[PDB]
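Engineer: Input structure: query-v8.csv, which contains CSV, C-alpha atoms.
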chain,number,residue,atom,x,y,z
J,33,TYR,CA,-24.2,-19.8,-143.0
J,34,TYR,CA,-25.4,-21.1,-146.4
J,35,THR,CA,-25.1,-19.1,-149.6
J,36,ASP,CA,-24.6,-18.8,-153.3
J,37,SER,CA,-21.6,-21.1,-153.5
J,38,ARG,CA,-22.7,-23.9,-155.9
J,39,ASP,CA,-22.7,-22.1,-159.2
J,40,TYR,CA,-19.4,-20.4,-158.5
J,41,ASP,CA,-18.0,-23.9,-158.2
J,42,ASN,CA,-19.6,-25.4,-161.2
J,43,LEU,CA,-17.1,-22.9,-162.7
J,44,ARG,CA,-14.2,-24.4,-160.9
J,45,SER,CA,-14.2,-27.2,-163.4
J,46,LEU,CA,-13.6,-24.4,-166.0
J,47,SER,CA,-10.4,-23.4,-164.2
J,48,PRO,CA,-7.4,-23.0,-166.4
J,49,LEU,CA,-5.4,-24.0,-163.4
J,50,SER,CA,-6.3,-27.7,-163.3
J,57,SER,CA,1.7,-29.8,-172.8
J,58,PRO,CA,0.4,-27.8,-175.8
J,59,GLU,CA,-2.8,-30.0,-175.7
J,60,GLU,CA,-3.7,-29.2,-172.1
J,61,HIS,CA,-2.8,-25.6,-172.8
J,62,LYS,CA,-5.3,-26.0,-175.6
J,63,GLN,CA,-7.7,-27.2,-172.9
J,64,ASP,CA,-7.0,-24.2,-170.7
J,65,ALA,CA,-7.6,-21.8,-173.6
J,66,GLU,CA,-11.1,-23.1,-174.3
J,67,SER,CA,-11.6,-22.8,-170.5
J,68,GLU,CA,-10.8,-19.0,-170.7
J,69,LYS,CA,-13.0,-18.6,-173.8
J,70,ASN,CA,-15.9,-20.2,-172.1
J,71,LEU,CA,-15.5,-18.0,-169.1
J,72,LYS,CA,-15.3,-14.8,-171.2
J,73,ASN,CA,-18.5,-16.0,-173.0
J,74,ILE,CA,-20.3,-16.6,-169.8
J,75,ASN,CA,-19.3,-13.1,-168.6
J,76,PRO,CA,-17.3,-10.7,-170.7
J,77,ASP,CA,-16.1,-9.0,-167.5
J,78,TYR,CA,-13.9,-12.0,-166.9
J,79,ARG,CA,-10.2,-11.2,-166.7
J,80,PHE,CA,-8.2,-13.9,-165.0
J,81,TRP,CA,-8.3,-16.9,-162.6
J,82,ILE,CA,-6.9,-16.7,-159.1
J,83,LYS,CA,-5.8,-19.5,-156.8
J,84,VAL,CA,-4.2,-19.2,-153.4
J,85,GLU,CA,-2.0,-21.9,-152.1
J,86,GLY,CA,-3.4,-23.7,-149.0
J,87,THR,CA,-6.8,-22.2,-149.2
J,88,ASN,CA,-10.2,-22.6,-150.9
J,89,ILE,CA,-9.6,-19.5,-152.9
J,90,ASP,CA,-10.0,-20.8,-156.4
J,91,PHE,CA,-12.1,-18.5,-158.5
J,92,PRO,CA,-12.6,-16.6,-161.7
J,93,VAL,CA,-12.0,-12.8,-161.4
J,94,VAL,CA,-14.1,-10.2,-163.1
J,95,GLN,CA,-13.7,-6.5,-163.6
J,96,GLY,CA,-16.8,-4.3,-163.4
J,97,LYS,CA,-17.3,-0.6,-164.2
J,98,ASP,CA,-17.1,0.3,-160.5
J,99,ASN,CA,-16.0,-1.4,-157.3
J,100,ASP,CA,-19.6,-2.0,-156.1
J,101,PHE,CA,-21.4,-4.1,-158.7
J,102,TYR,CA,-19.6,-7.4,-158.0
J,103,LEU,CA,-20.1,-7.0,-154.2
J,104,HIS,CA,-23.7,-7.8,-155.0
J,105,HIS,CA,-23.7,-9.9,-158.1
J,106,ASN,CA,-22.3,-13.3,-159.0
J,107,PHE,CA,-20.4,-14.5,-162.0
J,108,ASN,CA,-23.7,-14.7,-164.0
J,109,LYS,CA,-24.5,-11.2,-162.9
J,110,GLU,CA,-27.4,-12.4,-160.8
J,111,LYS,CA,-28.2,-10.7,-157.5
J,112,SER,CA,-26.0,-12.4,-154.9
J,113,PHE,CA,-24.9,-12.0,-151.3
J,114,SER,CA,-21.5,-13.6,-151.9
J,115,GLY,CA,-20.9,-11.6,-155.1
J,116,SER,CA,-17.8,-12.2,-157.1
J,117,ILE,CA,-14.0,-11.8,-156.8
J,118,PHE,CA,-13.2,-8.6,-158.7
J,119,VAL,CA,-10.3,-6.5,-159.9
J,120,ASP,CA,-10.4,-2.8,-159.2
J,121,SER,CA,-12.5,-1.0,-161.9
J,122,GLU,CA,-9.6,1.5,-162.4
J,123,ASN,CA,-6.9,-1.2,-163.0
J,124,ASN,CA,-5.2,-1.3,-166.3
J,125,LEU,CA,-4.1,-4.9,-166.3
J,126,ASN,CA,-1.7,-4.4,-169.2
J,127,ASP,CA,0.1,-1.5,-167.6
J,128,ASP,CA,-0.4,-1.2,-163.9
J,129,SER,CA,2.3,-2.2,-161.4
J,130,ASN,CA,-0.3,-3.1,-158.7
J,131,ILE,CA,-3.2,-5.4,-159.5
J,132,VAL,CA,-5.8,-4.9,-156.9
J,133,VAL,CA,-8.4,-7.6,-156.2
J,134,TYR,CA,-11.4,-7.6,-153.8
J,135,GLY,CA,-13.8,-10.2,-152.4
J,136,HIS,CA,-16.2,-10.7,-149.5
J,137,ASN,CA,-15.5,-12.3,-146.2
J,138,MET,CA,-19.0,-13.4,-145.2
J,139,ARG,CA,-17.9,-15.5,-142.2
J,140,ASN,CA,-19.0,-18.8,-143.8
J,141,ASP,CA,-15.6,-19.7,-145.2
J,142,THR,CA,-16.2,-18.6,-148.8
J,143,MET,CA,-14.9,-16.1,-151.3
J,144,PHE,CA,-11.9,-14.2,-149.7
J,145,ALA,CA,-12.7,-15.4,-146.1
J,146,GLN,CA,-9.5,-17.4,-146.0
J,147,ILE,CA,-7.3,-14.4,-146.5
J,148,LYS,CA,-7.7,-14.0,-142.8
J,149,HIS,CA,-5.5,-17.1,-142.3
J,150,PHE,CA,-2.5,-15.1,-143.4
J,151,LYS,CA,-2.6,-13.2,-140.1
J,152,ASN,CA,-1.3,-16.4,-138.5
J,153,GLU,CA,2.5,-16.5,-138.7
J,154,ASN,CA,2.7,-20.3,-139.2
J,155,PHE,CA,0.2,-20.0,-142.1
J,156,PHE,CA,2.1,-17.0,-143.6
J,157,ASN,CA,5.4,-19.0,-143.5
J,158,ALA,CA,3.9,-22.1,-145.0
J,159,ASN,CA,1.7,-20.6,-147.7
J,160,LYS,CA,3.8,-18.3,-149.9
J,161,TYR,CA,2.2,-18.2,-153.4
J,162,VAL,CA,-0.7,-16.8,-155.3
J,163,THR,CA,-1.2,-18.1,-158.8
J,164,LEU,CA,-3.0,-16.2,-161.6
J,165,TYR,CA,-3.9,-17.3,-165.1
J,166,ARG,CA,-4.4,-14.5,-167.5
J,167,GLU,CA,-4.4,-14.5,-171.4
J,168,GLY,CA,-3.2,-18.1,-171.5
J,169,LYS,CA,-0.3,-17.6,-169.1
J,170,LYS,CA,0.3,-18.7,-165.5
J,171,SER,CA,1.9,-16.2,-163.2
J,172,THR,CA,3.1,-16.6,-159.6
J,173,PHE,CA,3.2,-14.0,-156.9
J,174,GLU,CA,5.0,-14.4,-153.5
J,175,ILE,CA,3.2,-12.9,-150.5
J,176,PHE,CA,5.4,-10.5,-148.6
J,177,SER,CA,2.9,-8.4,-146.6
J,178,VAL,CA,-0.2,-9.1,-144.5
J,179,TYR,CA,-2.0,-6.5,-142.5
J,180,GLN,CA,-5.3,-5.1,-141.4
J,181,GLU,CA,-6.6,-1.6,-140.8
J,182,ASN,CA,-9.5,0.6,-141.0
J,183,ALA,CA,-11.4,0.7,-144.3
J,184,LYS,CA,-11.3,4.5,-144.8
J,185,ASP,CA,-7.5,4.6,-144.3
J,186,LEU,CA,-7.1,1.7,-146.7
J,187,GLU,CA,-9.2,3.3,-149.4
J,188,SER,CA,-6.9,6.3,-149.3
J,189,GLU,CA,-3.7,4.4,-149.3
J,190,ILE,CA,-4.1,1.7,-152.0
J,191,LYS,CA,-2.9,2.9,-155.5
J,192,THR,CA,-2.8,1.2,-158.9
J,193,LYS,CA,-1.1,4.1,-160.7
J,194,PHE,CA,2.3,5.6,-159.9
J,195,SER,CA,3.9,9.0,-161.0
J,196,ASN,CA,7.4,7.6,-161.2
J,197,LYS,CA,9.8,4.9,-159.9
J,198,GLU,CA,10.6,6.8,-156.7
J,199,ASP,CA,6.8,7.1,-155.9
J,200,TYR,CA,6.4,3.4,-156.5
J,201,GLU,CA,9.4,2.4,-154.4
J,202,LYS,CA,8.0,4.5,-151.6
J,203,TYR,CA,4.7,2.6,-152.0
J,204,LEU,CA,6.4,-0.8,-151.9
J,205,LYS,CA,8.3,0.2,-148.7
J,206,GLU,CA,5.1,1.3,-147.0
J,207,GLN,CA,3.3,-1.9,-147.9
J,208,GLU,CA,6.2,-4.0,-146.7
J,209,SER,CA,6.6,-2.0,-143.5
J,210,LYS,CA,3.0,-2.5,-142.6
J,211,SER,CA,3.3,-6.3,-142.7
J,212,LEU,CA,2.8,-8.3,-139.5
J,213,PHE,CA,5.5,-10.7,-140.8
J,214,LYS,CA,8.7,-10.3,-142.8
J,215,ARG,CA,9.4,-12.5,-145.8
J,216,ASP,CA,13.1,-13.1,-146.0
J,217,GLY,CA,15.0,-12.7,-149.2
J,218,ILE,CA,12.1,-11.4,-151.3
J,219,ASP,CA,14.3,-8.7,-152.9
J,220,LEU,CA,11.4,-6.3,-153.1
J,221,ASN,CA,12.2,-3.5,-155.5
J,222,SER,CA,10.8,-0.9,-157.9
J,223,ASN,CA,11.1,-3.2,-160.9
J,224,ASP,CA,8.6,-5.6,-159.3
J,225,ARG,CA,4.9,-6.1,-160.1
J,226,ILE,CA,2.6,-6.6,-157.2
J,227,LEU,CA,-0.8,-8.1,-156.4
J,228,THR,CA,-2.9,-6.8,-153.6
J,229,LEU,CA,-5.8,-8.9,-152.2
J,230,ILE,CA,-8.4,-7.1,-150.0
J,231,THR,CA,-11.2,-8.3,-147.9
J,232,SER,CA,-13.2,-7.3,-144.8
J,233,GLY,CA,-12.4,-8.5,-141.3
J,234,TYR,CA,-14.3,-8.7,-138.1
J,235,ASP,CA,-11.7,-8.1,-135.4
J,236,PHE,CA,-12.9,-4.4,-135.2
J,237,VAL,CA,-15.6,-2.5,-137.0
J,238,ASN,CA,-14.8,-1.7,-140.7
J,239,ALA,CA,-11.6,-3.9,-140.6
J,240,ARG,CA,-10.0,-4.7,-143.9
J,241,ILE,CA,-7.5,-7.5,-144.3
J,242,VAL,CA,-4.8,-7.1,-147.0
J,243,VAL,CA,-2.3,-9.4,-148.6
J,244,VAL,CA,0.4,-8.1,-150.9
J,245,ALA,CA,2.5,-10.3,-153.1
J,246,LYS,CA,5.2,-9.8,-155.8
J,247,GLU,CA,5.6,-11.5,-159.1
J,248,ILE,CA,8.3,-14.1,-159.2
J,249,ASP,CA,10.0,-16.2,-161.9
Mind turning the file's structure into structure tokens?

Structural biologist:
Amino acid sequence: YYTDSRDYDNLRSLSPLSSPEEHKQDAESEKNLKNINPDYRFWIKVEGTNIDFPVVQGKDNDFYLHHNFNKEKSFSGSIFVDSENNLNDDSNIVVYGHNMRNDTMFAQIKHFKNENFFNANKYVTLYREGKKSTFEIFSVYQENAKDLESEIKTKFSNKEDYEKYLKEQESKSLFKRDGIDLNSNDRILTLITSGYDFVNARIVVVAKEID
């Protein structure tokens, strides 16, 4: 299938993930992204995949299923962070994208369901507010979309509630990541897409911030 890929890869040359003078380069990258679309928040890259995108945040979790980075009507849409996320505060950053079965957007999240892949490809890199951060994937799973929509949280009452959430997300994983010391001080990143193994499948990857 052929789709809206070309513009959303013009942008890839604007990636802040290509010294204080390169840093300078990456800052003008972010400023140009923000200027193209003020909804821009950060850049995501996933090791070993073609996931290498700008991430936006809309006013709801539907706009950017159907619009591109320029806000034009689009089938591929955009990669977007949950509209309810507070990126300064929240312990779980939740990010969505399409899997339209033509190897674009978040299609390649499905590769993490293969144990060899999961073992070999550990890291998700973000670039936000002039800073690179790394997250190590510890959970991969799929389930029905309605259950997922009820389970995924960005906001926690207290530490105990968060620890409980972390334990749930880790317990769900097809595969165990050894030595990841998952704990309630951690900050996590959740990546969500659709799958086609069963109707209304969602595929989920959860990763914790390291370094």

Engineer: Name the residues within 10 Å of (7.5, -15.0, -162.7), counting all atoms listed in the file in the file's coordinates, and put them as a ChimeraX atom specification.

Structural biologist: /J:170-174,225,246-249

Engineer: Can I get the selection written as a PDB file, in the frame of the given file, with C-alpha atoms?

Structural biologist:
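Full text of again.pdb as output:
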ATOM      1  CA  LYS J 170       0.300 -18.700-165.500  1.00  0.00           C
ATOM      2  CA  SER J 171       1.900 -16.200-163.200  1.00  0.00           C
ATOM      3  CA  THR J 172       3.100 -16.600-159.600  1.00  0.00           C
ATOM      4  CA  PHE J 173       3.200 -14.000-156.900  1.00  0.00           C
ATOM      5  CA  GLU J 174       5.000 -14.400-153.500  1.00  0.00           C
ATOM      6  CA  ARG J 225       4.900  -6.100-160.100  1.00  0.00           C
ATOM      7  CA  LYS J 246       5.200  -9.800-155.800  1.00  0.00           C
ATOM      8  CA  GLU J 247       5.600 -11.500-159.100  1.00  0.00           C
ATOM      9  CA  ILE J 248       8.300 -14.100-159.200  1.00  0.00           C
ATOM     10  CA  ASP J 249      10.000 -16.200-161.900  1.00  0.00           C
TER      11      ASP J 249
END

Engineer: At a cut-off of 9 Å, using all atoms listed in the file, what residues contact residue 228 in chain J? Leave out same-chain residues fewer than 6 positions from it and give the result as number ranges by chain.

Structural biologist: J: 130-134, 190, 242-246

Engineer: Please, what distance in Å, to one decimal, runs between CA of residue 96 in chain J and CA of residue 142 in chain J?

Structural biologist: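 Between CA of residue 96 in chain J and CA of residue 142 in chain J the gap works out to 20.4 Å.
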
Engineer: Considering only C-alpha atoms, state which residue in the set J:159, J:112, J:177, J:231 is at the smallest distance from residue 145 in chain J.

Structural biologist: J:231

Engineer: My list of candidates is J:43, J:117, J:178, J:150. Which is closest to residue 86 in chain J when distances are computed with only C-alpha atoms?

Structural biologist: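 Closest to residue 86 in chain J of all the choices is J:150.
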
Engineer: Name the residues in contact with residue 65 in chain J at a cut-off of 12 Å, using only C-alpha atoms, excluding same-chain residues fewer than 6 positions from it; report them as a ChimeraX atom specification.

Structural biologist: /J:46-50,58-59,71-72,80,165-170

Engineer: Anything within 6 Å of (-5.9, -17.1, -161.5): list those residues as a ChimeraX atom specification, counting all atoms listed in the file and sticking to the file's coordinates.

Structural biologist: /J:80-83,163-165

Engineer: Select, from J:240, J:44, J:139, J:151, the residue with the minimum atom-to-atom distance to residue 89 in chain J, counting only C-alpha atoms.

Structural biologist: J:44

Engineer: Generate N, CA, C and O atoms for range 81-104 of chain J and emit them as a PDB file, in the coordinates of the input.

Structural biologist:
ATOM      1  N   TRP J  81      -7.952 -15.954-163.692  1.00  0.00           N
ATOM      2  CA  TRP J  81      -8.300 -16.900-162.600  1.00  0.00           C
ATOM      3  C   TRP J  81      -7.255 -16.689-161.468  1.00  0.00           C
ATOM      4  O   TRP J  81      -6.078 -16.392-161.686  1.00  0.00           O
ATOM      5  N   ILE J  82      -7.745 -16.807-160.252  1.00  0.00           N
ATOM      6  CA  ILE J  82      -6.900 -16.700-159.100  1.00  0.00           C
ATOM      7  C   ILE J  82      -7.011 -18.003-158.245  1.00  0.00           C
ATOM      8  O   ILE J  82      -8.113 -18.461-157.929  1.00  0.00           O
ATOM      9  N   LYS J  83      -5.866 -18.468-157.764  1.00  0.00           N
ATOM     10  CA  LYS J  83      -5.800 -19.500-156.800  1.00  0.00           C
ATOM     11  C   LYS J  83      -4.776 -19.225-155.757  1.00  0.00           C
ATOM     12  O   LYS J  83      -3.617 -18.926-156.074  1.00  0.00           O
ATOM     13  N   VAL J  84      -5.153 -19.444-154.504  1.00  0.00           N
ATOM     14  CA  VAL J  84      -4.200 -19.200-153.400  1.00  0.00           C
ATOM     15  C   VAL J  84      -3.885 -20.420-152.650  1.00  0.00           C
ATOM     16  O   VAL J  84      -4.741 -21.172-152.185  1.00  0.00           O
ATOM     17  N   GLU J  85      -2.584 -20.673-152.611  1.00  0.00           N
ATOM     18  CA  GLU J  85      -2.000 -21.900-152.100  1.00  0.00           C
ATOM     19  C   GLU J  85      -2.516 -22.094-150.672  1.00  0.00           C
ATOM     20  O   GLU J  85      -2.555 -21.138-149.887  1.00  0.00           O
ATOM     21  N   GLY J  86      -2.979 -23.309-150.384  1.00  0.00           N
ATOM     22  CA  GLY J  86      -3.400 -23.700-149.000  1.00  0.00           C
ATOM     23  C   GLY J  86      -4.716 -23.266-148.559  1.00  0.00           C
ATOM     24  O   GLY J  86      -4.994 -23.290-147.364  1.00  0.00           O
ATOM     25  N   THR J  87      -5.515 -22.721-149.476  1.00  0.00           N
ATOM     26  CA  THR J  87      -6.800 -22.200-149.200  1.00  0.00           C
ATOM     27  C   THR J  87      -7.857 -22.705-150.167  1.00  0.00           C
ATOM     28  O   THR J  87      -7.506 -23.421-151.118  1.00  0.00           O
ATOM     29  N   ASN J  88      -9.112 -22.380-149.911  1.00  0.00           N
ATOM     30  CA  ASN J  88     -10.200 -22.600-150.900  1.00  0.00           C
ATOM     31  C   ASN J  88     -10.452 -21.437-151.796  1.00  0.00           C
ATOM     32  O   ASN J  88     -11.494 -21.382-152.446  1.00  0.00           O
ATOM     33  N   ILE J  89      -9.466 -20.567-151.929  1.00  0.00           N
ATOM     34  CA  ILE J  89      -9.600 -19.500-152.900  1.00  0.00           C
ATOM     35  C   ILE J  89      -9.114 -19.921-154.253  1.00  0.00           C
ATOM     36  O   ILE J  89      -7.942 -20.177-154.521  1.00  0.00           O
ATOM     37  N   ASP J  90     -10.092 -20.064-155.126  1.00  0.00           N
ATOM     38  CA  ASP J  90     -10.000 -20.800-156.400  1.00  0.00           C
ATOM     39  C   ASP J  90     -11.111 -20.339-157.285  1.00  0.00           C
ATOM     40  O   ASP J  90     -12.193 -20.968-157.318  1.00  0.00           O
ATOM     41  N   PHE J  91     -10.944 -19.174-157.907  1.00  0.00           N
ATOM     42  CA  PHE J  91     -12.100 -18.500-158.500  1.00  0.00           C
ATOM     43  C   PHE J  91     -11.708 -17.810-159.828  1.00  0.00           C
ATOM     44  O   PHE J  91     -10.611 -17.265-159.996  1.00  0.00           O
ATOM     45  N   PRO J  92     -12.750 -17.563-160.645  1.00  0.00           N
ATOM     46  CA  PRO J  92     -12.600 -16.600-161.700  1.00  0.00           C
ATOM     47  C   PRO J  92     -12.753 -15.132-161.140  1.00  0.00           C
ATOM     48  O   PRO J  92     -13.300 -14.932-160.069  1.00  0.00           O
ATOM     49  N   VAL J  93     -12.015 -14.217-161.749  1.00  0.00           N
ATOM     50  CA  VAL J  93     -12.000 -12.800-161.400  1.00  0.00           C
ATOM     51  C   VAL J  93     -12.520 -11.967-162.509  1.00  0.00           C
ATOM     52  O   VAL J  93     -12.061 -12.084-163.646  1.00  0.00           O
ATOM     53  N   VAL J  94     -13.438 -11.079-162.167  1.00  0.00           N
ATOM     54  CA  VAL J  94     -14.100 -10.200-163.100  1.00  0.00           C
ATOM     55  C   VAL J  94     -13.662  -8.733-162.880  1.00  0.00           C
ATOM     56  O   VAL J  94     -13.215  -8.381-161.794  1.00  0.00           O
ATOM     57  N   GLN J  95     -13.933  -7.864-163.841  1.00  0.00           N
ATOM     58  CA  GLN J  95     -13.700  -6.500-163.600  1.00  0.00           C
ATOM     59  C   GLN J  95     -14.992  -5.716-164.063  1.00  0.00           C
ATOM     60  O   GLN J  95     -15.466  -5.886-165.204  1.00  0.00           O
ATOM     61  N   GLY J  96     -15.620  -5.060-163.098  1.00  0.00           N
ATOM     62  CA  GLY J  96     -16.800  -4.300-163.400  1.00  0.00           C
ATOM     63  C   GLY J  96     -16.461  -2.827-163.747  1.00  0.00           C
ATOM     64  O   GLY J  96     -15.279  -2.462-163.895  1.00  0.00           O
ATOM     65  N   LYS J  97     -17.498  -2.022-163.941  1.00  0.00           N
ATOM     66  CA  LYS J  97     -17.300  -0.600-164.200  1.00  0.00           C
ATOM     67  C   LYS J  97     -17.155   0.227-162.945  1.00  0.00           C
ATOM     68  O   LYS J  97     -16.808   1.396-163.010  1.00  0.00           O
ATOM     69  N   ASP J  98     -17.437  -0.360-161.788  1.00  0.00           N
ATOM     70  CA  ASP J  98     -17.100   0.300-160.500  1.00  0.00           C
ATOM     71  C   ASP J  98     -16.751  -0.832-159.516  1.00  0.00           C
ATOM     72  O   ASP J  98     -16.648  -1.986-159.902  1.00  0.00           O
ATOM     73  N   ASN J  99     -16.379  -0.437-158.304  1.00  0.00           N
ATOM     74  CA  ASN J  99     -16.000  -1.400-157.300  1.00  0.00           C
ATOM     75  C   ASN J  99     -17.178  -1.767-156.323  1.00  0.00           C
ATOM     76  O   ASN J  99     -16.943  -2.200-155.188  1.00  0.00           O
ATOM     77  N   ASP J 100     -18.410  -1.700-156.840  1.00  0.00           N
ATOM     78  CA  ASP J 100     -19.600  -2.000-156.100  1.00  0.00           C
ATOM     79  C   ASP J 100     -20.463  -3.122-156.720  1.00  0.00           C
ATOM     80  O   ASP J 100     -20.987  -3.991-156.005  1.00  0.00           O
ATOM     81  N   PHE J 101     -20.535  -3.154-158.057  1.00  0.00           N
ATOM     82  CA  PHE J 101     -21.400  -4.100-158.700  1.00  0.00           C
ATOM     83  C   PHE J 101     -21.157  -5.556-158.233  1.00  0.00           C
ATOM     84  O   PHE J 101     -22.092  -6.335-158.027  1.00  0.00           O
ATOM     85  N   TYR J 102     -19.896  -5.963-158.213  1.00  0.00           N
ATOM     86  CA  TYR J 102     -19.600  -7.400-158.000  1.00  0.00           C
ATOM     87  C   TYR J 102     -19.462  -7.686-156.475  1.00  0.00           C
ATOM     88  O   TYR J 102     -19.246  -8.840-156.105  1.00  0.00           O
ATOM     89  N   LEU J 103     -19.763  -6.715-155.618  1.00  0.00           N
ATOM     90  CA  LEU J 103     -20.100  -7.000-154.200  1.00  0.00           C
ATOM     91  C   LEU J 103     -21.439  -7.659-154.091  1.00  0.00           C
ATOM     92  O   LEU J 103     -21.768  -8.269-153.074  1.00  0.00           O
ATOM     93  N   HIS J 104     -22.273  -7.418-155.095  1.00  0.00           N
ATOM     94  CA  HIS J 104     -23.700  -7.800-155.000  1.00  0.00           C
ATOM     95  C   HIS J 104     -24.214  -8.560-156.180  1.00  0.00           C
ATOM     96  O   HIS J 104     -25.415  -8.848-156.272  1.00  0.00           O
TER      97      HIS J 104
END
